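Asker: Here you go, structure-v7.cif (mmCIF, C-alpha atoms):
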```cif
data_start
#
loop_
_atom_site.label_atom_id
_atom_site.label_comp_id
_atom_site.auth_asym_id
_atom_site.auth_seq_id
_atom_site.Cartn_x
_atom_site.Cartn_y
_atom_site.Cartn_z
CA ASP W 1 5.16 23.19 -23.82
CA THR W 2 7.28 26.34 -23.35
CA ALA W 3 9.63 25.22 -26.15
CA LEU W 4 6.61 24.45 -28.35
CA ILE W 5 5.05 27.88 -27.70
CA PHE W 6 8.25 29.70 -28.69
CA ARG W 7 8.83 27.52 -31.76
CA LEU W 8 5.31 28.57 -32.77
CA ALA W 9 5.93 32.20 -31.77
CA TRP W 10 8.81 32.31 -34.30
CA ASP W 11 6.89 30.41 -36.99
CA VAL W 12 3.39 31.96 -36.82
CA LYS W 13 3.93 35.11 -34.64
CA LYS W 14 0.32 35.41 -33.55
CA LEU W 15 -1.86 32.65 -32.11
CA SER W 16 -5.09 32.57 -30.11
CA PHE W 17 -7.26 29.52 -29.34
CA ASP W 18 -9.46 27.86 -26.73
CA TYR W 19 -9.89 24.12 -27.20
CA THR W 20 -11.27 23.46 -23.70
CA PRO W 21 -13.75 20.64 -24.30
CA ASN W 22 -17.29 21.55 -23.28
CA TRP W 23 -19.32 18.34 -23.30
CA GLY W 24 -23.05 18.46 -23.97
CA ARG W 25 -25.23 15.79 -22.37
CA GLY W 26 -28.46 14.76 -24.09
CA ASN W 27 -31.81 13.31 -23.00
CA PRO W 28 -31.56 10.99 -21.18
CA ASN W 29 -28.60 12.69 -19.46
CA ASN W 30 -26.40 9.56 -19.47
CA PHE W 31 -25.77 10.23 -23.17
CA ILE W 32 -23.03 12.53 -24.46
CA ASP W 33 -24.44 14.36 -27.49
CA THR W 34 -21.82 17.02 -28.33
CA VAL W 35 -18.48 18.66 -27.64
CA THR W 36 -17.94 22.41 -28.10
CA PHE W 37 -14.69 24.41 -28.30
CA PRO W 38 -14.93 28.11 -27.23
CA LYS W 39 -12.42 29.55 -29.77
CA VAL W 40 -11.25 27.44 -32.72
CA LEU W 41 -8.71 28.19 -35.46
CA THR W 42 -10.33 29.35 -38.72
CA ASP W 43 -7.41 29.61 -41.15
CA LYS W 44 -8.29 26.18 -42.65
CA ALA W 45 -11.39 24.03 -43.24
CA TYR W 46 -10.66 21.71 -40.30
CA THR W 47 -12.79 18.61 -39.90
CA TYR W 48 -13.36 16.27 -36.97
CA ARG W 49 -12.94 12.52 -36.73
CA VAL W 50 -14.75 10.69 -33.91
CA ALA W 51 -13.76 7.36 -32.31
CA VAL W 52 -15.96 5.56 -29.75
CA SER W 53 -14.19 2.97 -27.55
CA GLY W 54 -11.36 2.68 -30.09
CA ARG W 55 -13.69 2.28 -33.08
CA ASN W 56 -13.52 4.83 -35.90
CA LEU W 57 -16.84 6.52 -36.73
CA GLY W 58 -15.06 8.61 -39.38
CA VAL W 59 -15.40 12.25 -40.42
CA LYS W 60 -18.38 14.52 -41.08
CA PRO W 61 -18.60 18.08 -42.45
CA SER W 62 -17.76 20.72 -39.83
CA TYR W 63 -20.40 22.96 -38.28
CA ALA W 64 -20.03 26.64 -39.13
CA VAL W 65 -18.12 28.61 -36.49
CA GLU W 66 -20.49 30.79 -34.44
CA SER W 67 -20.26 34.57 -33.98
CA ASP W 68 -18.76 34.00 -30.49
CA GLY W 69 -15.97 32.02 -32.21
CA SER W 70 -17.04 28.58 -30.93
CA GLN W 71 -17.40 25.35 -32.90
CA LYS W 72 -19.59 22.37 -32.05
CA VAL W 73 -18.99 18.71 -32.85
CA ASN W 74 -22.36 16.94 -32.88
CA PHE W 75 -21.99 13.19 -32.20
CA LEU W 76 -25.55 12.72 -33.53
CA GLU W 77 -24.27 13.31 -37.06
CA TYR W 78 -21.64 10.59 -36.53
CA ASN W 79 -24.00 8.17 -34.76
CA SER W 80 -27.27 8.09 -36.77
CA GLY W 81 -29.13 10.75 -34.72
CA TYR W 82 -28.26 9.43 -31.25
CA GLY W 83 -25.61 10.44 -28.70
CA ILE W 84 -23.02 8.22 -27.01
CA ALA W 85 -23.46 6.42 -23.65
CA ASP W 86 -21.17 8.11 -21.08
CA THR W 87 -19.59 4.78 -20.07
CA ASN W 88 -17.80 4.76 -23.44
CA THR W 89 -14.51 6.36 -24.32
CA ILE W 90 -15.13 9.14 -26.87
CA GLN W 91 -12.24 10.63 -28.87
CA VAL W 92 -12.36 13.63 -31.16
CA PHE W 93 -9.47 14.25 -33.55
CA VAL W 94 -9.07 17.47 -35.54
CA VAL W 95 -8.04 16.82 -39.17
CA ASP W 96 -5.59 19.02 -41.07
CA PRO W 97 -7.08 19.36 -44.59
CA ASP W 98 -3.57 20.00 -46.00
CA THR W 99 -2.22 16.60 -44.96
CA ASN W 100 -5.20 14.49 -43.75
CA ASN W 101 -3.30 13.95 -40.49
CA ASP W 102 -5.40 14.15 -37.34
CA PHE W 103 -4.63 15.13 -33.76
CA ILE W 104 -6.41 14.30 -30.48
CA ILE W 105 -8.38 17.35 -29.30
CA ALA W 106 -11.06 15.92 -26.95
CA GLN W 107 -11.37 12.72 -24.97
CA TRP W 108 -14.24 11.54 -22.76
CA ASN W 109 -13.13 8.66 -20.48
CA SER A 1 4.06 21.30 -39.58
CA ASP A 2 2.96 24.27 -37.47
CA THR A 3 -0.55 22.77 -37.51
CA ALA A 4 0.71 19.58 -35.84
CA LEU A 5 2.55 21.72 -33.25
CA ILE A 6 -0.49 23.97 -32.67
CA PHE A 7 -2.85 21.05 -31.99
CA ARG A 8 -0.24 19.29 -29.84
CA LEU A 9 0.02 22.54 -27.83
CA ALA A 10 -3.77 22.96 -27.76
CA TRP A 11 -4.30 19.44 -26.37
CA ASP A 12 -1.70 20.18 -23.63
CA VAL A 13 -2.64 23.76 -22.62
CA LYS A 14 -6.24 24.18 -23.99
CA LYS A 15 -6.24 27.99 -23.98
CA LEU A 16 -3.50 30.36 -25.14
CA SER A 17 -3.05 33.83 -26.62
CA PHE A 18 0.19 35.48 -27.76
CA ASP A 19 1.66 37.86 -30.32
CA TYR A 20 5.42 37.93 -30.81
CA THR A 21 5.35 39.89 -34.09
CA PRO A 22 8.55 41.95 -33.87
CA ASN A 23 7.89 45.70 -33.94
CA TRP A 24 11.25 47.37 -34.58
CA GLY A 25 11.79 50.86 -33.18
CA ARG A 26 14.26 53.08 -35.00
CA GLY A 27 16.56 55.65 -33.42
CA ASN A 28 18.10 58.96 -34.36
CA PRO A 29 19.17 58.85 -37.18
CA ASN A 30 16.60 56.26 -38.25
CA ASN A 31 19.05 53.84 -39.92
CA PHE A 32 19.86 52.84 -36.32
CA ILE A 33 17.65 50.23 -34.71
CA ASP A 34 17.06 51.03 -31.04
CA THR A 35 14.29 48.74 -29.74
CA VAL A 36 11.93 45.87 -30.48
CA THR A 37 8.40 45.42 -29.07
CA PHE A 38 6.16 42.34 -28.92
CA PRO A 39 2.40 43.17 -28.78
CA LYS A 40 1.29 40.33 -26.46
CA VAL A 41 3.90 38.33 -24.53
CA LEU A 42 3.56 35.37 -22.18
CA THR A 43 3.20 36.45 -18.55
CA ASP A 44 3.36 33.02 -16.86
CA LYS A 45 7.09 33.38 -16.05
CA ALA A 46 9.62 36.18 -15.48
CA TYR A 47 11.06 35.83 -19.00
CA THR A 48 14.27 37.71 -19.79
CA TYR A 49 15.94 38.51 -23.12
CA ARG A 50 19.31 37.76 -24.70
CA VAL A 51 20.56 39.97 -27.54
CA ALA A 52 23.21 39.16 -30.15
CA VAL A 53 24.53 41.57 -32.78
CA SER A 54 26.37 40.27 -35.87
CA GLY A 55 27.39 37.13 -33.93
CA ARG A 56 28.46 38.98 -30.77
CA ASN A 57 26.56 37.96 -27.59
CA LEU A 58 25.56 41.05 -25.57
CA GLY A 59 24.16 38.82 -22.83
CA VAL A 60 20.93 38.53 -20.86
CA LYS A 61 18.94 41.31 -19.18
CA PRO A 62 15.43 41.77 -17.86
CA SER A 63 13.36 44.01 -20.11
CA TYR A 64 10.86 46.62 -18.99
CA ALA A 65 7.75 45.15 -17.36
CA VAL A 66 4.82 43.97 -19.48
CA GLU A 67 2.70 47.02 -20.35
CA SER A 68 -1.02 47.44 -19.58
CA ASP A 69 -1.85 46.56 -23.20
CA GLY A 70 0.10 43.31 -22.74
CA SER A 71 3.10 44.38 -24.85
CA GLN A 72 6.79 44.28 -23.92
CA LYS A 73 9.76 46.25 -25.24
CA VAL A 74 13.43 45.30 -25.41
CA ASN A 75 15.78 48.29 -25.46
CA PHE A 76 19.04 47.58 -27.33
CA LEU A 77 20.65 50.75 -25.92
CA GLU A 78 20.76 49.00 -22.53
CA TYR A 79 22.62 46.06 -24.12
CA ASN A 80 24.85 47.99 -26.53
CA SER A 81 26.62 50.47 -24.20
CA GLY A 82 23.97 53.21 -24.60
CA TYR A 83 23.68 53.25 -28.39
CA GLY A 84 21.41 51.78 -31.08
CA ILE A 85 22.46 49.33 -33.79
CA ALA A 86 23.18 50.31 -37.40
CA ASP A 87 20.55 48.46 -39.48
CA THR A 88 23.24 46.89 -41.69
CA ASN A 89 23.92 44.59 -38.71
CA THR A 90 22.14 41.36 -37.90
CA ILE A 91 20.26 41.63 -34.62
CA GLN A 92 18.95 38.54 -32.86
CA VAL A 93 16.62 38.51 -29.86
CA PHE A 94 16.12 35.38 -27.73
CA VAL A 95 13.58 34.86 -24.95
CA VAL A 96 15.05 33.07 -21.92
CA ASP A 97 12.88 30.59 -19.99
CA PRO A 98 13.87 31.32 -16.36
CA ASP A 99 12.90 27.75 -15.35
CA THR A 100 15.44 26.01 -17.59
CA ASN A 101 17.76 28.77 -18.86
CA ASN A 102 16.97 27.63 -22.43
CA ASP A 103 17.04 30.25 -25.23
CA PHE A 104 14.48 30.73 -28.03
CA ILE A 105 14.89 32.96 -31.09
CA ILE A 106 12.01 35.44 -31.14
CA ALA A 107 13.21 38.29 -33.38
CA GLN A 108 15.82 38.72 -36.09
CA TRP A 109 16.73 41.86 -37.98
CA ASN A 110 18.71 41.01 -41.15
#
```
Output the file's structure in the form of structure tokens.

Answerer:
Amino acid sequence: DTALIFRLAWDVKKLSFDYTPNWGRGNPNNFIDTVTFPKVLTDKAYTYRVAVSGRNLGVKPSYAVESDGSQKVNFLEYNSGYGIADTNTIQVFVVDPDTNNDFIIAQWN
Amino acid sequence: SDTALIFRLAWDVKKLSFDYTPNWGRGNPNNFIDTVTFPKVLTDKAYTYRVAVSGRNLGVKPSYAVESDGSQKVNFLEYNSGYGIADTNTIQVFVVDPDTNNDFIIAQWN
């Protein structure tokens, strides 16, 4: 990670993020409805792909970043207005709009 | 890509903030380069700095401590026998990871 940080320090100079996954439970509470990141990058129109137990649910338009700098991924938009049972594995991948490559950014189970 | 690297880093560390934009400080006369400052350095280790000038290694020294604003200055006069560096020279600054003794380029003049 130290080598990665300093590669990035040379390349981009300035970087600040918080991608700590904050999982939102629904009602009933055994459902995972959302994941929220406290401080996302905003230089590109990043999108999120969701996989549930290894199955692609695909990509949906991104929620606007809030004033506090946070961004929410709502699994209800990916799953027909329902959240995901917490016994499942849930993966969120952030998509680079320049390449269409995606990178793991949140995993439940 | 940097994007790939950023999101790899983000998955590993979650939360990070730095600024290594080189801020060159000129001497007297001002065609001499005397210092470089980085606005927000990493504070997780006791990082030191290696300086090279036109291909000549001036070695590794600790810098001054991280300031209250989070910045850190490297003073070339300490490395270069008490004198700044004519700005026609190439000046390279490397951060040394004290855990591995690996070097990383972090500033280059010319």

Asker: Counting all atoms listed in the file, which residues from chain W have an atom at most 6 Å from any atom of chain A, and could you show them as a CSV table (one decimal) with C-alpha atoms, keeping the file's coordinate frame?

Answerer:
```csv
chain,number,residue,atom,x,y,z
W,9,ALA,CA,5.9,32.2,-31.8
W,10,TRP,CA,8.8,32.3,-34.3
W,13,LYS,CA,3.9,35.1,-34.6
W,14,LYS,CA,0.3,35.4,-33.6
W,15,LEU,CA,-1.9,32.6,-32.1
W,16,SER,CA,-5.1,32.6,-30.1
W,17,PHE,CA,-7.3,29.5,-29.3
W,18,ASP,CA,-9.5,27.9,-26.7
W,19,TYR,CA,-9.9,24.1,-27.2
W,20,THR,CA,-11.3,23.5,-23.7
W,105,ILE,CA,-8.4,17.4,-29.3
```

Asker: Just to confirm, what's the straight-line distance from CA of residue 86 in chain A to CA of residue 74 in chain A in Å (one decimal)?

Answerer: 16.2 Å

Asker: Using the chain letters and numbering of this document, enumerate as a ChimeraX atom specification the residues selected by the PyMOL selection byres ((chain W and resi 41-45) around 8).

Answerer: /W:16-17,39-40,46-47,62,96-97

Asker: Just the number, please: distance in Å from CA of residue 89 in chain W to CA of residue 21 in chain W, one decimal.

Answerer: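 Taking CA of residue 89 in chain W as the start and CA of residue 21 in chain W as the end point, the length is 14.3 Å.
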
Asker: Just give me the gap between CA of residue 85 in chain A and CA of residue 57 in chain A in Å, one decimal is fine.

Answerer: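 CA of residue 57 in chain A lies 13.6 Å from CA of residue 85 in chain A.
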
Asker: Which one of A:82, A:62, A:25, A:70 sits closest to residue 109 in chain A if you count only C-alpha atoms?

Answerer: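 For residue 109 in chain A, the nearest of the given residues is A:25.
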
Asker: Choose the residue, out of W:31, W:82, W:75, W:48, that has the smallest atom-to-atom separation from residue 100 in chain W; count all atoms listed in the file.

Answerer: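 Result for the nearest residue to residue 100 in chain W: W:48.
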
Asker: Show me, as a PyMOL selection string, the residues that have an atom within 7 Å of residue 75 in chain A when counting all atoms listed in the file, minus same-chain residues fewer than 5 positions from it.

Answerer: chain A and resi 34-36

Asker: So which residues are close to (-13.2, 2.3, -30.7), meaning at most 9 Å away in the file's coordinates with all atoms listed in the file counted, and can you show them as a ChimeraX atom specification?

Answerer: /W:51-57,88-91

Asker: For a quick check of your reading of the model, name the residues lying within 10 Å of the coordinate (-24.9, 5.4, -27.6), counting all atoms listed in the file, and write them as a list in words.

Answerer: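 Neighbouring residues, ordered by chain and number, come to residues 30, 31, 32, 33, 52, 75, 76, 79, 80, 81, 82, 83, 84, 85, 86, 87 and 88 of chain W.
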
Asker: May I ask which of the residues W:92, W:104, W:12, W:5 is the closest one to residue 72 in chain W, counting all atoms listed in the file?

Answerer: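 The shortest atom-to-atom distance to residue 72 in chain W comes from W:92.
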
Asker: With all atoms listed in the file as the atoms that count, which of W:109, W:66, W:1, W:36 lies nearest to residue 23 in chain W?

Answerer: W:36

Asker: Which residues, named as in the file, does the PyMOL selection byres ((chain A and resi 80) around 10) pick out? Answer as an MDAnalysis selection string.

Answerer: chainID A and resid 34 51:53 58:59 75:79 81:85
